[PDB]
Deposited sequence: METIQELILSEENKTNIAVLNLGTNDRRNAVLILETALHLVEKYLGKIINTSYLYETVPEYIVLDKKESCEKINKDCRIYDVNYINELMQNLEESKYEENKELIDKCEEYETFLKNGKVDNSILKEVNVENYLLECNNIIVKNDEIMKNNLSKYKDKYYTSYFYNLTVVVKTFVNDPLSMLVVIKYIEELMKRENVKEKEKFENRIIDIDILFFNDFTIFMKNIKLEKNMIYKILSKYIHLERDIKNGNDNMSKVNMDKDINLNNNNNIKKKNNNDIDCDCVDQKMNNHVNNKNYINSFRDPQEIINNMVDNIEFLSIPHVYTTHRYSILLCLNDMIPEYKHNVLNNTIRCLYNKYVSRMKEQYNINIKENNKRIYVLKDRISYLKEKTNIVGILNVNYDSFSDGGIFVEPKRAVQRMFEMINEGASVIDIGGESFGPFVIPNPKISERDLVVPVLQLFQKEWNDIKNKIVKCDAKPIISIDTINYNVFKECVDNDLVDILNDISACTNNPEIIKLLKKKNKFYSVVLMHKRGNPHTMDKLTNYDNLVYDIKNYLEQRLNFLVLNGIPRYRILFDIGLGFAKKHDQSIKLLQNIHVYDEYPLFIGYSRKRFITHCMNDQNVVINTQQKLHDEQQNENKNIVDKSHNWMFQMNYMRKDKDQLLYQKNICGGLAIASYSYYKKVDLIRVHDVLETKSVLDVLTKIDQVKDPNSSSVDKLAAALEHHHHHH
């Protein structure tokens, strides 16, 4: 009943590990892609963590064998099997032989004790899987591992099952037989010489995985995705287990474990440590001739911007509608000239890790599709938090690429914004709103660690409400936070040729908010005045660097 024709939908929790800091993202993201291709749908992910307890991949992705199972990108609002899995409601009897608590505890404990005798990059995922059983799932997992010619993908959970199968002998053609049930094996190029590897790689099978409740890096991840979840073989919920291990660490060793184990977010393709640097995002409001616009982009890189945010649709208050030129026509050419002039890499080839991350400020599906088709951008800055056209969420995943996104809170539009100002609980309403939005992308397979939050200063907030959101920015301490205060009316509201005076004050007032952001450890600030902001951040950094 192992290769039962009775196709099912099960819930599996995986753990993905690599050891290589420089390639972690590509490595783990490659694994993510091969999970979505080969196992089912990703419907949850944790953050990426650095824990302390080359490029054949690019052309692996070309030469993949087709799955025998379909991919479906339609947005879902809800997933019933997941609700069921979280709740410990009823599912179909395991096809693999279970063990009771007592035996699991012993046979688990046994494996730990017996095991008694660098950097690690961790990530968990929930998969709604069409694979029948954990052992099969492992087979496929071992395929994926061997494909990536470096990666350790463990099965943390698989429904409410408890399984300790003690010795596993799998015939060389059963392994082929299993894979074929789920993959259009080309019978890399040749699957023959992969099988013989996997022959010995499955010794036993423990569900839950042995270390689930014993490795910090595991509980850290699971705490992100499924904090209220209580498996049968656990004293308490993930949260409690997580909390207990954190506070307990302070007693046994006075350790404060968060310090070793750093949360990560990703803007393009490298690690960023949450709360460890205030990146500048320079604004390019194209509203300006391509060549000119591109000079500005170059000015900005050199003035110290990590990110350029280009937009051709003005989202500021009461701004004028003018039918003359389309958002596409403004932004796409500019990005194309940029990518051209950058690619003239006769200049130092080492200065291509100088390349700015490119962000496009749009809600328009058509604009983003062209940008992504033509590799012109890295990030979607969607000021509707992807609510205006959620189809846009499907553009954040390619076969072998993930894009990051900024989710901003607003109400209404440029004309109505200033009216839509009532909030029962301003700070938490908005936070809860961004959490609801993040949950939505995450259910739809956007990596949690590629999603950035923005409270949308000046968008359906009075000026006191904008200040109040800054005063309470601490509520974002756990999240990658992106803000834009630059040149907004609320700065000027704070102050004791009239219009030139006011401009300067407003720019200088923004540098105060650069200072505040720096101390609040805001991850990105969206600014017009890049040289000024960089000067501020450089000085505050020196004042912090306390080495002799």
**Asked** Which residue ranges of the deposited sequence are not present in the modelled coordinates?
**Response** 1-6, 60-81, 146-160, 193-205, 244-298, 399-408, 618-656, 709-728
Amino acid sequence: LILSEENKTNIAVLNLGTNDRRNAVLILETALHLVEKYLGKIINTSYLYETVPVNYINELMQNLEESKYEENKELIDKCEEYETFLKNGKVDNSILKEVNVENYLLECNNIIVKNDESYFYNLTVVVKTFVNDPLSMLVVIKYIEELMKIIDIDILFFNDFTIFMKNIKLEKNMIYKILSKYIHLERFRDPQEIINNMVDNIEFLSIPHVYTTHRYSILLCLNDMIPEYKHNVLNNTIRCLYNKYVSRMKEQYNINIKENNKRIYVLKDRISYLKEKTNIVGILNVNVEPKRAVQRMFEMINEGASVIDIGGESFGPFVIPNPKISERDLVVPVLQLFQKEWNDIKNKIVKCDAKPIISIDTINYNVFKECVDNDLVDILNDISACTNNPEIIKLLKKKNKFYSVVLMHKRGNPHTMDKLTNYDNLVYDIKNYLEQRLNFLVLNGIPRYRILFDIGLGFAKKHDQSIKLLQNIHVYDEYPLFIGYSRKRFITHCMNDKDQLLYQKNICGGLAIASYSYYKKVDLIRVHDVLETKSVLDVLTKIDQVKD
From here on, numbers count along this sequence of modelled residues.
**Prompt:** On average, are the C-alpha B-factors higher in 340-348 or in 305-313?
**Reply:** 340-348
**Message:** Please compare 358-366 with 102-110 and say which has the higher mean C-alpha temperature factor in the record.
**Reply:** 102-110
**Prompt:** Going by the entry, which of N287, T124, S404, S136 has the most elevated CA B factor?
**Reply:** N287
**Request:** By the entry's C-alpha temperature factors, tell me which of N72, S206, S272, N197 sits highest.
**Result:** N197
**Message:** Please say which third, lowest, middle or highest, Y119 falls into when its CA temperature factor is compared across its chain.
**Reply:** highest
**Request:** Rank-wise, by C-alpha B-factor, drop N23 into the lowest, middle or highest third of its chain.
**Result:** highest
**Prompt:** Based on the entry's values, in what third of the chain does the Cα temperature factor of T9 lie: lowest, middle or highest?
**Reply:** highest
**Prompt:** Relative to the other modelled residues in the chain, which third contains the C-alpha temperature factor of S517: lowest, middle or highest?
**Reply:** lowest
**Item:** CA B-factor placement of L234, once the chain's modelled residues are sorted into thirds
**Value:** highest
